[PDB]
There are 4 protein chains.
Amino acid sequence: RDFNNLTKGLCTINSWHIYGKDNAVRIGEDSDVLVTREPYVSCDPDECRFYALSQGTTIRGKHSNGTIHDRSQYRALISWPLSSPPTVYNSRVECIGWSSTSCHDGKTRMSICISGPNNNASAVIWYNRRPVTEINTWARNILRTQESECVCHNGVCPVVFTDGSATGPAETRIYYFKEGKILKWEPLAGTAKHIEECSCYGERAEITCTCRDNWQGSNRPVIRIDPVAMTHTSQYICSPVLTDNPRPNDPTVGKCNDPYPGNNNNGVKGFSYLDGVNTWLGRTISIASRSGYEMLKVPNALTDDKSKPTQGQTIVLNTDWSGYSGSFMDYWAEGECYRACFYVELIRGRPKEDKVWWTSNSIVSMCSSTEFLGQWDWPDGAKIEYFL
Amino acid sequence: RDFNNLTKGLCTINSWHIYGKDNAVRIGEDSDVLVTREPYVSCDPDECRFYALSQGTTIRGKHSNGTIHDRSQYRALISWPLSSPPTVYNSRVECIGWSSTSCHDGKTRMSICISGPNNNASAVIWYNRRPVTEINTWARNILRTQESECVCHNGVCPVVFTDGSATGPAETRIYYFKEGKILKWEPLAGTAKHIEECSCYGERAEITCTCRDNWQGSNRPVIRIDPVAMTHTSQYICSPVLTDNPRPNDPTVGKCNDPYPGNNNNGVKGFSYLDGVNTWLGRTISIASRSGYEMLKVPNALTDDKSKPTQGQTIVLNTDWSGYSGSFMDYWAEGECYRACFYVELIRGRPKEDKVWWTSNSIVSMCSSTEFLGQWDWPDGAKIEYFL
Amino acid sequence: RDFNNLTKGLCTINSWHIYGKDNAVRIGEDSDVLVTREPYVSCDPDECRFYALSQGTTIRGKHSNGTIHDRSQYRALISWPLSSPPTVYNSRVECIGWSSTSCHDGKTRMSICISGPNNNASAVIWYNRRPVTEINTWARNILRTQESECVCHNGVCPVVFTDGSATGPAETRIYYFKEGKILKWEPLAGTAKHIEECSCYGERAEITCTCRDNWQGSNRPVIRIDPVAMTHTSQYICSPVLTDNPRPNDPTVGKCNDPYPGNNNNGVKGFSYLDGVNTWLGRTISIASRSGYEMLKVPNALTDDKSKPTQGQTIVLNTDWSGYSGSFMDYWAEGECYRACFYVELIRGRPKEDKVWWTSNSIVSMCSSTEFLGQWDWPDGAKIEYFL
Amino acid sequence: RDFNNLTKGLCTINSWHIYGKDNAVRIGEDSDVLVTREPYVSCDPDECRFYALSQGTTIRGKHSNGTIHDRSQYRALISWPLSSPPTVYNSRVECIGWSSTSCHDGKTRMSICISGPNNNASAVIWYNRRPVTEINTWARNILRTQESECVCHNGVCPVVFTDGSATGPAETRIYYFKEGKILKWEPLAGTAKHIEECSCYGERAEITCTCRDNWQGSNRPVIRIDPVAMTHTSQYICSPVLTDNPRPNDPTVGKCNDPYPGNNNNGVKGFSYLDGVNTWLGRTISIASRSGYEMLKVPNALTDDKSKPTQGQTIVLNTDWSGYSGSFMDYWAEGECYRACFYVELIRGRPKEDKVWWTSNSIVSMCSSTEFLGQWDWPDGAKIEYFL
Ligand SMILES: *[C@@H]1O[C@H](CO)[C@@H](O[C@@H]2O[C@H](CO)[C@@H](O[C@@H]3O[C@H](CO[C@H]4O[C@H](CO)[C@@H](O)[C@H](O)[C@@H]4O)[C@@H](O)[C@H](O[C@H]4O[C@H](CO)[C@@H](O)[C@H](O)[C@@H]4O[C@H]4O[C@H](CO)[C@@H](O)[C@H](O)[C@@H]4O[C@H]4O[C@H](CO)[C@@H](O)[C@H](O)[C@@H]4O)[C@@H]3O)[C@H](O)[C@H]2NC(C)=O)[C@H](O)[C@H]1NC(C)=O
Ligand SMILES: *[C@@H]1O[C@H](CO)[C@@H](O[C@@H]2O[C@H](CO)[C@@H](O[C@@H]3O[C@H](CO[C@H]4O[C@H](CO)[C@@H](O)[C@H](O)[C@@H]4O)[C@@H](O)[C@H](O[C@H]4O[C@H](CO)[C@@H](O)[C@H](O)[C@@H]4O[C@H]4O[C@H](CO)[C@@H](O)[C@H](O)[C@@H]4O[C@H]4O[C@H](CO)[C@@H](O)[C@H](O)[C@@H]4O)[C@@H]3O)[C@H](O)[C@H]2NC(C)=O)[C@H](O)[C@H]1NC(C)=O
Ligand SMILES: *[C@@H]1O[C@H](CO)[C@@H](O[C@@H]2O[C@H](CO)[C@@H](O[C@@H]3O[C@H](CO[C@H]4O[C@H](CO)[C@@H](O)[C@H](O)[C@@H]4O)[C@@H](O)[C@H](O[C@H]4O[C@H](CO)[C@@H](O)[C@H](O)[C@@H]4O[C@H]4O[C@H](CO)[C@@H](O)[C@H](O)[C@@H]4O[C@H]4O[C@H](CO)[C@@H](O)[C@H](O)[C@@H]4O)[C@@H]3O)[C@H](O)[C@H]2NC(C)=O)[C@H](O)[C@H]1NC(C)=O
Ligand SMILES: *[C@@H]1O[C@H](CO)[C@@H](O[C@@H]2O[C@H](CO)[C@@H](O[C@@H]3O[C@H](CO[C@H]4O[C@H](CO)[C@@H](O)[C@H](O)[C@@H]4O)[C@@H](O)[C@H](O[C@H]4O[C@H](CO)[C@@H](O)[C@H](O)[C@@H]4O[C@H]4O[C@H](CO)[C@@H](O)[C@H](O)[C@@H]4O[C@H]4O[C@H](CO)[C@@H](O)[C@H](O)[C@@H]4O)[C@@H]3O)[C@H](O)[C@H]2NC(C)=O)[C@H](O)[C@H]1NC(C)=O
Ligand SMILES: CC(=O)N[C@H]1[C@H]([C@H](O)[C@H](O)CO)OC(C(=O)O)=C[C@@H]1O
Ligand SMILES: CC(=O)N[C@H]1[C@H]([C@H](O)[C@H](O)CO)OC(C(=O)O)=C[C@@H]1O
Ligand SMILES: CC(=O)N[C@H]1[C@H]([C@H](O)[C@H](O)CO)OC(C(=O)O)=C[C@@H]1O
Ligand SMILES: CC(=O)N[C@H]1[C@H]([C@H](O)[C@H](O)CO)OC(C(=O)O)=C[C@@H]1O
Ligand SMILES: *[C@@H]1O[C@H](CO)[C@@H](O)[C@H](O)[C@H]1NC(C)=O
Ligand SMILES: *[C@@H]1O[C@H](CO)[C@@H](O)[C@H](O)[C@H]1NC(C)=O
Ligand SMILES: *[C@@H]1O[C@H](CO)[C@@H](O)[C@H](O)[C@H]1NC(C)=O
Ligand SMILES: *[C@@H]1O[C@H](CO)[C@@H](O)[C@H](O)[C@H]1NC(C)=O
Ligand SMILES: [Ca+2]
Ligand SMILES: [Ca+2]
Ligand SMILES: [Ca+2]
Ligand SMILES: [Ca+2]
Ligand SMILES: [Ca+2]
């Protein structure tokens, strides 16, 4: 119809209710489920779907051996119906590649997949299910993008890309696309020192992205974008409640414009909702690995270097495997506010569960409630032993 | 289009004709069929579908071991095409949870799923495939609902919930929703002493629900709701023809305002059509277990404590397993009256058939005919031995 | 839109071209294909589909053992996309039963399924995917119908039913339905002595049905119906070219108003296009069993008791299994005439191939061409040994 | 809507970006994927799909033994969603046969399948999913067609057919169809000596086809068609860069009006984009077998007998199997020019990999970019050993 505009503010988050869960690994033990990783959720005006990077093989398939690897010629961005597992028969390929992002502008969808060898990758921007623009690697070192949905405002959909080192300074660019065409791009600015896999959402004509500083920060870098002026800023979440992984233990005061030290060259895709007192941070419970997952209300986390939790909700027990997590919202729902949502990737197999030769995941997703709901934990649920 | 109004009365039931059957267990012996239980049927203005609570695994899958349990993080309400089995590839998830209800108001559908641990469950009310309202447990003891379709009148769709004990008094509430929002709720009133899993239908601007008194009654409690005044009453079916299970033998006189004694703390979801002489009761043939199923015409059953059968129709032989049963009607069919329909859940596996480690079911469904049709019996049809 | 009217005459049949083939048995050797029998083809204004009576199990499934039986509680009329096999995941159930017919009136479709025990069966007439009318057995001996499509003219869709003996006189009725409601019914009249499984088609406001005289005739009975006057006549195909099976050898002169003797109490569903010189008869090559299949042009076959073939086309070699065959046409195609089409059921398994415990089939279908096309033979193609 | 007209010229090809890949063989190792060969890609105004000739069996199925054969009664043209594999459950049969072509005219699609024994084959032309015209073999020696999409201009869709010898002169005809009806046909003219499997595309009201001279040429014959005058010409690509296979080594000067000698009675379906300096040729890297695949920019290749490459892009390494390749374009995309695309069939199994008894393939497809993108190689990716 018309391009969607971010006219609403976030709803008050008082708790999180269950939104979707596909139990992919449980089901795929005896059904034709594709091996995946790097999942996310994204809405169209009339439907919300699950997204992920397939590995081009079923879990039970012999070609599942080796899927711990991130980039191959057999990966593709696929989408499928909410809470269903990604099967060979219900998955729709959006594009070919090993890194992606996707978002609906209100009229139609833009999907981006990057493929190629490490020193010669390229991004192909699809719009209305047709290829429209291509961008070649500028740093010739694994051109990569968000791994979760982008956000649009009046046709303009900003996307964050990084090309270059994962263990030192890299070259990050913010591209402003409209109908798949590049309107503008700018190099990253601000105090964020390294940017990867940004998790974004929008409200009141502003897009907020919580990313990953793989190089040095255990606190998470944040990029705020103005889709109209097509400009941005960057900093770190100030709060001493650290949210990357692995990470050092929580201090009493964080860092606003520098990476909090203690762990280098590693991290995990993550997210947060930075809205004054209505601020909630997601993070693995373990400071050592992708284990467990919790939501913590940290009022003014982005700007207050001593902010600590005031409420919380456990999503996955520390005795269960978690993984990537990112933001998305149904910008086409009724009501006066945007309901914050998120997904957590539940990784199974390698490297933590090496009795199997594969690596995959299932998805659990929640959205905010203004009620103060009881909590439950949501594990992947599969028994690795069944796969032996 | 416009909200549906219950303007018609029930058609004269002179017999029951076969409506749908999915032979799920038979087929799933060698195909990717999801393990389920607590099924029902529900119509949209242009299509009628099968519904159930998946267990998040296929029957042949190794994760089928243990599906005798009712509440887990791997269950979800799914719907699929009429008479097809619930497969991994054709099932649509309506919401995540282990207790549900769903109904179309004429414009769009409302689905409700409850999830969580026993002392901290919550209901999420979906409307137009989007989450709209959430209700937290009020008694912190397995918040639960109908397990069959709700009914709407001019946008207002009442739903019966129970929170609290299954073996003593509990807290039942009737919620009046419109477009997924709570218009009002009231505590249960009348003479029904315990309410669970209500089976409802509507005609002439009135909704009738036949429920389950798990605590003491072998006769079935009945809740009649006025969707306009948003008020209700409750009593028991007076007739000495008892319809819960397990149950004592049939007496010569029933009880109108108290549970008929003889069996405590147990029961089965069931239903009835209470329409003067056009009254028909469904029930298992066995008074000991979920075995067999029959329809009995008992004129004035609700109000006559000595009413006995005048006609009948066998649905499932006493030598075959039955289970839950509930009401639904296609409120969007042609004609001058609403054709009463019902489904019977045919449970296979545990606990009755313990040679297998799973528990599932298939569905058989019938609707009324004004003709006096010959009868047949409709078993699930699978051979457990094939699964050994 | 509007009800379809049979305003065109048949196109000149100079040969037959391949229309559809699903290779169901070949494919189902390693995929979830439903066991079926009694197939046919039928068109909607915008799509043509395959139809059949499922046995409620896959071919590879253990429940396939025993599918040689015709009537069970696990059968249903299903339809699926043209030339695809009937799989668990792509088959749509039209109704529950072990005998059926179906046809589109131009506005919507009417489907009829008969179910029940031999002495108490009933037909349920569905229209617009909703049950509308029910007809109870009148002779209490396997109420049964066409097993191929019916035909409509201005909303009126006649259907031929038989109730009673298969080895002596029975009670045949012609029902005239409009929107699933019975407008009228009449007992069979004319000289046909026994009627079963009629194969019908329409042109120039007249419906012609070629049926099966199971009792005594090896020539085929014919019922011509006037859908406007709602009246009919019946006789036998006069031609000495006999088309039932099993059957005696071809004589030099046939019988117009009596069954041609030689074989009693047996037969096979078959068809023909009776259009003056443009007359073509279908039949098995073997006079002993459902083996092979051929089309023979027999000018004036219906009215000329000495008519012999003038052209022919082999469809299935006598070294391959055939089975039922019937007529259908796409009444919604472009052009000035109706293109005659037909299907042949290719039965595999029992009783001819008893190394397997099942019985199923695949479908081959052709339509007429005004060209004189080269011919090929179209076997089912599966290797029974693969199933051992 | 309206018939599409070839009003645009080709976009400047500066490189090729990944468009689609189904990894069919990898996935089909453990899922119900149909055995195929002779694939292609073709767009409708609102969707682009993969096409191929199924062998009527799954890869893992026992009936896969023998699929090295090209013509059987079990083959059919099927289409399925872009980048998905051709599965039993997602494949749509367009028609029955062992040779085909298909194209959308802007209003609807025309599909053509040829079937029959070698000396009696026939083509059936389908339009709007209905059979419309039939053409009988004129040379009674394997009537055959393109094996890739045809192209339309204002309703007129030319198709190239060949009937007769594959090792000597044959009878090639160009048919001009409009709405499935034959408007005209002409015998091949010009200097091309043998024509097979033409790969076509259109721009500026002209259709260019790069075909295969199976008889003597290692250079490729070219047919240019005027869809308005309904006339054509034929010649060979002049360039010394030879593109058939097997083939002799590249000389320094090619042949414009005669087959370049060195290899007789063999070849492979291939293609090219002949657009002045914007000319690109596709070809296997190996001169001995269907191994590897590369794109080479050869300015003025069609008319310059000494033209050599100026740029190139590897598509498949010479250490991986390739096969057929052809052209297609999305004539319904936005923009001022038509983006050239192509697919490469990646054959697996027999005859090169004879450890398995089957022959199949997967598909890789690319489209042009005006950017100068980095390249990667795209193998089928399956491990034959897994199939042993
Ligand atoms: C039914 O459902 C309801 C609804 O869910 C249940 O009630 C919920 O209960 C939750 C658990 O009690 C509760 O969540 C906690 O909230 C605390 C905040 O509330 C408290 O403080 C404020 C401020 O003074 C008060 O207003 C309020 O009244 C409370 O007292 C959080 O502080 C909790 O989070 C911390 O603890 C958990 C352990 O449970 C950690 O996993 C988490 O990371 C937090 O602690 C770490 O981080 C802080 C900050 O840096 C450190 O100070 C601390 O030492 C920990 O650090 C270690 O661990 C981390 C992570 O491993 C590591 O990185 C670091 O290095 C250190 O090693 C928690 O979020 C909900 O708010 C509450 N909801 C409601 C509405 O009440 C109810 O119980 C259920 N009913 C039943 C019967 O079960
Ligand atoms: C072809 O098709 C047609 C159509 O279906 C077939 O005809 C149908 O035949 C049915 C079976 O005969 C028949 O169903 C029965 O109807 C009886 C009512 O009709 C009779 O009574 C009235 C009133 O005086 C008359 O008008 C009428 O003419 C009849 O005489 C019911 O009473 C029957 O139900 C009872 O019996 C069955 C056993 O078959 C029980 O399973 C059922 O629960 C009922 O009996 C129990 O309950 C009563 C009430 O409390 C007790 O009094 C009784 O002792 C039983 O109690 C024990 O069992 C229950 C359940 O296990 C347990 O809870 C309790 O504690 C006790 O242990 C039955 O419904 C259809 O009406 C009839 N339809 C038509 C249109 O005719 C025809 O046969 C078929 N043809 C062929 C050739 O097969
Ligand atoms: C490429 O493609 C084209 C197109 O298909 C191929 O050409 C086709 O070739 C067909 C085979 O030759 C041919 O079909 C035959 O046509 C005969 C009719 O044509 C002839 O007669 C008329 C009249 O005088 C002439 O106008 C005409 O020129 C011909 O001479 C039919 O008579 C044939 O059918 C009979 O034979 C077959 C055996 O092939 C039987 O299976 C069939 O049942 C018919 O014979 C039985 O029935 C008759 C009638 O009662 C009996 O008289 C006879 O004895 C047989 O009876 C026994 O068998 C039956 C069945 O088993 C049993 O019930 C009974 O009791 C007895 O035991 C046949 O139909 C096509 O017309 C022709 N098409 C065209 C356009 O030319 C071409 O060959 C192909 N090219 C190549 C290179 O292969
Ligand atoms: C990141 O990505 C970019 C983008 O892809 C990568 O850069 C690309 O690199 C490609 C490989 O170097 C390059 O492709 C080559 O281009 C050559 C043309 O360019 C050159 O010549 C012109 C003219 O003078 C100059 O303008 C230009 O600057 C270059 O110098 C082609 O000639 C190449 O093709 C030939 O070589 C390959 C071997 O690689 C053969 O497979 C191919 O068939 C061609 O050679 C055969 O054919 C010719 C013509 O007849 C014969 O003369 C020759 O002897 C060969 O013949 C034998 O082999 C064939 C086939 O087997 C057989 O039939 C015959 O009988 C003989 O046996 C090649 O296409 C891209 O243009 C370039 N793209 C860009 C934009 O730069 C970059 O490297 C990547 N980065 C990294 C870090 O990897
Ligand atoms: C393009 C790409 O390879 N992304 C990979 C990403 C990357 O290596 C990291 O961000 C350092 O740059 O890491 C991970 C990961 O599970 O940690 C998975 C992604 O597949
Ligand atoms: C929410 C829930 O657990 N419902 C369960 C219900 C419940 O235990 C009973 O109504 C007593 O309260 O019983 C049964 C049952 O087969 O008998 C199945 C349901 O899964
Ligand atoms: C309703 C029914 O059973 N129809 C059966 C029909 C019938 O027995 C015969 O027409 C004699 O009446 O025969 C056959 C058959 O393969 O020959 C199959 C049908 O399933
Ligand atoms: C109609 C037909 O059989 N086409 C076949 C084609 C043909 O034999 C050749 O063009 C010589 O005429 O060859 C090949 C091939 O892989 O080389 C495959 C096709 O199936
Ligand atoms: C998987 O691959 C490894 C490495 O190639 C090999 O050694 C191992 O045996 C394989 N595992 C399986 C189950 O094939
Ligand atoms: C199912 O689980 C039980 C309990 O854990 C175990 O003892 C049993 O062996 C399992 N059954 C199967 C078939 O695995
Ligand atoms: C099929 O059933 C028969 C009859 O019950 C039995 O004797 C036979 O062994 C079964 N065949 C198979 C393969 O189970
Ligand atoms: C395939 O067929 C050949 C030829 O009929 C036979 O000799 C071979 O054993 C078969 N291969 C398999 C795996 O069955
Ligand atoms: Ca980090
Ligand atoms: Ca009870
Ligand atoms: Ca399987
Ligand atoms: Ca007979
Ligand atoms: Ca050649």
# chains A, B, ... in the order shown; residues from 1 in each chain; ligands from 1
>>> interface_residues(of="chain D", to="chain B", cutoff="12 Å", atoms="only C-alpha atoms", output="PDB file with C-alpha atoms, in the first residue's frame")
ATOM      1  CA  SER D  31      14.418 -36.221   1.374  1.00  0.00           C
ATOM      2  CA  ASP D  32      11.865 -36.934  -1.378  1.00  0.00           C
ATOM      3  CA  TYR D  89       5.376 -32.571  -2.797  1.00  0.00           C
ATOM      4  CA  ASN D  90       6.283 -29.150  -4.330  1.00  0.00           C
TER       5      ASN D  90
END
>>> select_by_dssp(residues="region 134-270 of chain D", states="strand (DSSP E or B)", output="PyMOL selection string")
chain D and resi 134-136+144+153+156-164+170-178+181-187+199-203+206-210+221-226+231-236
>>> write_last_selection(atoms="N, CA and C atoms", output="compact mmCIF listing (two decimals), in the first residue's frame")
# COMPACT_ATOMS: atom_id res chain seq x y z
N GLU D 134 -1.72 -29.93 -31.23
CA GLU D 134 -0.86 -31.10 -31.26
C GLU D 134 -0.18 -31.14 -32.61
N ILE D 135 1.10 -31.52 -32.62
CA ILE D 135 1.88 -31.61 -33.86
C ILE D 135 2.54 -32.99 -33.94
N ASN D 136 2.22 -33.76 -34.97
CA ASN D 136 2.80 -35.09 -35.12
C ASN D 136 4.21 -35.04 -35.74
N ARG D 144 12.07 -33.30 -31.26
CA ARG D 144 12.62 -32.76 -30.01
C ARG D 144 12.66 -31.23 -30.01
N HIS D 153 6.68 -12.13 -27.96
CA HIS D 153 6.61 -10.71 -28.30
C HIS D 153 5.21 -10.46 -28.87
N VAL D 156 3.10 -13.53 -29.76
CA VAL D 156 3.78 -14.49 -30.63
C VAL D 156 5.03 -15.06 -29.97
N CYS D 157 5.02 -16.38 -29.76
CA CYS D 157 6.12 -17.10 -29.11
C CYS D 157 6.76 -18.15 -30.04
N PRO D 158 7.88 -17.81 -30.71
CA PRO D 158 8.54 -18.77 -31.60
C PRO D 158 9.21 -19.90 -30.83
N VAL D 159 9.18 -21.10 -31.42
CA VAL D 159 9.79 -22.27 -30.80
C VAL D 159 10.52 -23.04 -31.89
N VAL D 160 11.73 -23.50 -31.58
CA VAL D 160 12.51 -24.25 -32.55
C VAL D 160 12.41 -25.74 -32.25
N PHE D 161 12.08 -26.53 -33.27
CA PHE D 161 11.94 -27.98 -33.16
C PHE D 161 12.89 -28.63 -34.18
N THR D 162 13.31 -29.86 -33.91
CA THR D 162 14.11 -30.63 -34.85
C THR D 162 13.55 -32.04 -34.89
N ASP D 163 13.46 -32.62 -36.08
CA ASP D 163 13.00 -33.99 -36.24
C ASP D 163 13.94 -34.57 -37.29
N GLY D 164 14.47 -35.76 -37.01
CA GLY D 164 15.41 -36.38 -37.93
C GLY D 164 16.71 -36.71 -37.23
N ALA D 170 19.05 -32.83 -40.54
CA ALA D 170 17.76 -33.14 -39.95
C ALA D 170 16.73 -32.12 -40.43
N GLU D 171 15.48 -32.22 -39.97
CA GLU D 171 14.46 -31.26 -40.38
C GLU D 171 14.04 -30.35 -39.23
N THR D 172 14.56 -29.13 -39.25
CA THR D 172 14.27 -28.16 -38.22
C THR D 172 13.20 -27.21 -38.71
N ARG D 173 12.28 -26.87 -37.80
CA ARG D 173 11.19 -25.96 -38.10
C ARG D 173 11.07 -24.93 -37.00
N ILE D 174 10.65 -23.74 -37.37
CA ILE D 174 10.45 -22.69 -36.41
C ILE D 174 8.93 -22.47 -36.43
N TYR D 175 8.28 -22.70 -35.29
CA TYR D 175 6.84 -22.51 -35.19
C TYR D 175 6.55 -21.20 -34.49
N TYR D 176 5.58 -20.45 -35.01
CA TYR D 176 5.17 -19.18 -34.40
C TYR D 176 3.79 -19.47 -33.81
N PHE D 177 3.72 -19.50 -32.48
CA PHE D 177 2.48 -19.78 -31.77
C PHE D 177 1.94 -18.51 -31.14
N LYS D 178 0.62 -18.42 -31.04
CA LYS D 178 -0.02 -17.31 -30.35
C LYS D 178 -1.19 -17.96 -29.63
N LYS D 181 -1.89 -21.55 -30.48
CA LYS D 181 -2.29 -21.92 -31.83
C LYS D 181 -1.14 -21.61 -32.77
N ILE D 182 -1.01 -22.41 -33.82
CA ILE D 182 0.05 -22.20 -34.79
C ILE D 182 -0.35 -21.10 -35.76
N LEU D 183 0.42 -20.01 -35.78
CA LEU D 183 0.15 -18.92 -36.71
C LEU D 183 0.87 -19.22 -38.02
N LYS D 184 2.06 -19.81 -37.89
CA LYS D 184 2.91 -20.11 -39.02
C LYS D 184 4.09 -20.98 -38.58
N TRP D 185 4.70 -21.64 -39.55
CA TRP D 185 5.92 -22.41 -39.31
C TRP D 185 6.75 -22.33 -40.58
N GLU D 186 8.06 -22.37 -40.43
CA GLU D 186 8.93 -22.35 -41.58
C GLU D 186 10.08 -23.31 -41.35
N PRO D 187 10.66 -23.81 -42.44
CA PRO D 187 11.79 -24.72 -42.31
C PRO D 187 13.00 -23.84 -41.99
N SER D 199 18.86 -22.18 -27.11
CA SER D 199 18.76 -21.36 -25.90
C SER D 199 18.49 -19.95 -26.38
N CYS D 200 17.31 -19.41 -26.05
CA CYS D 200 16.91 -18.11 -26.54
C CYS D 200 16.64 -17.01 -25.53
N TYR D 201 16.66 -15.78 -26.01
CA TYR D 201 16.37 -14.60 -25.20
C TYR D 201 15.92 -13.51 -26.16
N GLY D 202 15.28 -12.47 -25.64
CA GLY D 202 14.83 -11.40 -26.50
C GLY D 202 15.13 -9.99 -26.00
N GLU D 203 15.33 -9.09 -26.96
CA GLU D 203 15.57 -7.68 -26.66
C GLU D 203 15.33 -6.92 -27.94
N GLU D 206 13.60 -8.60 -31.09
CA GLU D 206 14.34 -9.62 -31.81
C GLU D 206 14.68 -10.77 -30.84
N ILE D 207 14.54 -12.01 -31.29
CA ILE D 207 14.85 -13.16 -30.45
C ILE D 207 16.10 -13.84 -30.99
N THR D 208 17.08 -14.04 -30.11
CA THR D 208 18.35 -14.67 -30.46
C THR D 208 18.42 -16.03 -29.77
N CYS D 209 18.76 -17.04 -30.55
CA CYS D 209 18.87 -18.40 -30.06
C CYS D 209 20.25 -18.97 -30.36
N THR D 210 20.92 -19.50 -29.34
CA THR D 210 22.23 -20.12 -29.51
C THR D 210 21.93 -21.60 -29.33
N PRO D 221 25.74 -22.83 -33.54
CA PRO D 221 24.87 -22.20 -34.53
C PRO D 221 23.96 -21.19 -33.82
N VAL D 222 23.58 -20.15 -34.54
CA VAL D 222 22.74 -19.09 -34.00
C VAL D 222 21.56 -18.81 -34.92
N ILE D 223 20.37 -18.74 -34.33
CA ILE D 223 19.17 -18.42 -35.10
C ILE D 223 18.60 -17.11 -34.55
N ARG D 224 18.43 -16.12 -35.41
CA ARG D 224 17.85 -14.86 -34.98
C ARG D 224 16.47 -14.83 -35.61
N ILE D 225 15.47 -14.54 -34.78
CA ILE D 225 14.08 -14.54 -35.23
C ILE D 225 13.42 -13.19 -35.12
N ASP D 226 12.60 -12.85 -36.10
CA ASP D 226 11.82 -11.62 -36.08
C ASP D 226 10.40 -12.12 -35.74
N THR D 231 9.96 -14.21 -39.34
CA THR D 231 11.03 -14.70 -40.21
C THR D 231 12.31 -14.85 -39.38
N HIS D 232 13.32 -15.49 -39.95
CA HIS D 232 14.58 -15.72 -39.25
C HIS D 232 15.80 -15.89 -40.16
N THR D 233 16.97 -15.98 -39.53
CA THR D 233 18.22 -16.21 -40.24
C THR D 233 18.99 -17.13 -39.35
N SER D 234 20.05 -17.70 -39.89
CA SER D 234 20.89 -18.58 -39.10
C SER D 234 22.33 -18.50 -39.61
N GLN D 235 23.26 -18.69 -38.68
CA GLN D 235 24.69 -18.68 -38.98
C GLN D 235 25.36 -19.36 -37.80
N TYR D 236 26.67 -19.17 -37.67
CA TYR D 236 27.41 -19.73 -36.55
C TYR D 236 28.07 -18.56 -35.85
>>> residues_around(residues="residue 338 (chain A)", least_positions_apart="3", cutoff="10 Å", atoms="only C-alpha atoms", output="VMD selection string")
chain A and resid 6 to 12 201 to 204 329 to 335 341 368
>>> residues_around(residues="residue 63 (chain D)", least_positions_apart="4", cutoff="9 Å", atoms="only C-alpha atoms", output="PyMOL selection string")
(chain C and resi 26-27+29-30+382-383+386) or (chain D and resi 56-59+67+358)
>>> residues_near_ligand(ligand="ligand 11", cutoff="12 Å", atoms="only C-alpha atoms and all ligand atoms", output="ChimeraX atom specification")
/B:383,385-386 /C:59-68,350,354-359,387-388
>>> residues_near_ligand(ligand="ligand 16", cutoff="8 Å", atoms="only C-alpha atoms and all ligand atoms", output="ChimeraX atom specification")
/C:212-220,244-247,263-268
